[PDB]
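Okay, so we've got the same protein chain twice, two forms, each given alone as structure tokens, structure 1 and structure 2.
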Structure 1
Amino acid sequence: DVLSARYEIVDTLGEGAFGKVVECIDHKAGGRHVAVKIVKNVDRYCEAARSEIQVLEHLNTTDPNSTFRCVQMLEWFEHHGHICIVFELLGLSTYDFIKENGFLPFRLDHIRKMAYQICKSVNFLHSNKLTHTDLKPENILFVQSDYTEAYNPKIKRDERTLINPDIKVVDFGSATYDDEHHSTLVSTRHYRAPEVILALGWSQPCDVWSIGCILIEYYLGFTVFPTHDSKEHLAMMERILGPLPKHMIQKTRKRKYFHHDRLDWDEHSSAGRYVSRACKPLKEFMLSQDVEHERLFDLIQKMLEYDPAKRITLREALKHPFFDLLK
């Protein structure tokens, strides 16, 4: 298939509820390939795609050189009733890279620069009265996914090391302005903030919670929330972070999760023993007591503050000691 008389599909990069993203040759322009998002002809996804186009048009006007590392939209059009958005071609997602590495975690120096760029990008959105709402490693993509495969003696396996860890943030179809309607449920479950789970209302801080989850995943290679159930997810939080704040518990209407304004959770049920084996207090996940591991986990703990009003902002996160070896 050849959209818009110039774009020949050569590969499908990824597929989702919205449609797919394909890699295309541009037969009119010089031959650097592009990424093309082809949106399903369903109202739900059409409307998100038009919102994405509006957001990216305004971000391109404010930040035409992508200083703040949002993916660059090159053009958009309609084709057989599908909205098609042409993007600069990026490399693998940060999730794809970890997975293809056998779920080996990223090196701390790479985590530092990736976290910085992520916080920079999302803080730019937040500066602009926008919340992303769907931050996850799948929506953080490497500008170039080239690697060197080195022998790692510890322990005895070949491992892939990023040549350049620069990223960009993608997927603005769920992004929500301060004054716009806020969806009831946002984010992918493992990155979803507690105020979303408890239906208390959400704003920019829910992005910070997701980034905190992303950072631990980069550090560990796996999610600390291996769950597909909301009450179990809350039990995992309490295992990692301590009890939920009482003020959040009495404000929620999610009464099925609570007994006497405490989480209705049997730690000695079968699911309770699953949680106890999969999760543990946050700092027990640290693999070193070195000061820069300590500052990463201090940053993560501040991003995983339960109360969205007390959670660190990305403006404050950007000044965190963890990022010093970058400056």
Structure 2
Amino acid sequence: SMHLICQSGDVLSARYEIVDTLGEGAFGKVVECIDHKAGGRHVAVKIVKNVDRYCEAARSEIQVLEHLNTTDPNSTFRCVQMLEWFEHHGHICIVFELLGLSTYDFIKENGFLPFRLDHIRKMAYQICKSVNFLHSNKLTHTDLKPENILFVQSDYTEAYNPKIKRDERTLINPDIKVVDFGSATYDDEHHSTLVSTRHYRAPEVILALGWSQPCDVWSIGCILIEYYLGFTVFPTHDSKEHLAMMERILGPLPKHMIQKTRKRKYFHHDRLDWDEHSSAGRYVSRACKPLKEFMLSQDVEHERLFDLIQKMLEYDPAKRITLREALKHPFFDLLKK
């Protein structure tokens, strides 16, 4: 059991002393450690469950990272640096540079308040650039979400905010890196139709129409909205409900995608088989609404962000904006000189 080897004070590989837990996922956990063979430098160690599927994903992640960290040794494109890996009591352990809080945890610890728009702009730009780098190297991440975007330094300043009537944390440096390459898939590898359920899943994934780089762009759209609102606009883990939410926010799915899907169960006469008047249906109607109605201001920068988000949430992955195009969107003009 992981609990036997992941506690504060334990030593891994005769080297890494566990300080505390940084975070957890399906795979196991990530712990901060003091590296006694590198002068006491603190690092992050990802301790992977001794379970086939996660061992496999960990081996894949290692191969992806060897490739990315070799192609981009200075982390210009902001993928986390893997320092090494080892085994410990049958657990794969991957050692990474220590980063700050995930963008998820920062939001959580700031009372679910959104990020300020200028930070959203910088972070969005970096995410697009980082993931575009992956896209340039024939990779799709597939598991982009706020937990997998981390601040390089999550240090903040804190003031009372009269407008919200609560104390607010403001981030000092919004620079990020992307983590978790355990699902990342190369173009020449099999893109399994089977993908497991998230808030950040693209419609082509849910409908098993095949996926590739565009599914990442969808996820990034979901992320940006969450950064803007402080909460997710797809809070479900049921697929059909997810599709009903999409329809409420973005309009009906394209007929041609509905026609092509193997997932006939969701539909009836090429319309989503969804009772709006069920208790779940009434929840979807009242919680979800057309995308633009989530805007907190009509100011032009808000309108620019939402225009980009809308393009990232194009249903048809063949028509969805690419990250290469996203990087030229007007929302990013303020970052250029």
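Structure 1 provides the reference sequence; residues are numbered from 1 along it. What we label the rigid core is the largest C-alpha set whose atoms superpose within 1.5 Å from one form to the other.
For the listed set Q204, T94, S121, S187, the sole C-alpha moving 2 Å or more between structure 1 and structure 2 on a rigid core superposition is that of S187.
On rigid-core superposition between structure 1 and structure 2, the C-alpha of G30 is found to move 2.2 angstrom. Taking the core as reference, the Cα of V42 moves 1.7 angstrom between structure 1 and structure 2. Once the core is aligned between structure 1 and structure 2, the alpha carbon position of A309 differs by 0.2 Å; this is the C-alpha shift at that site.
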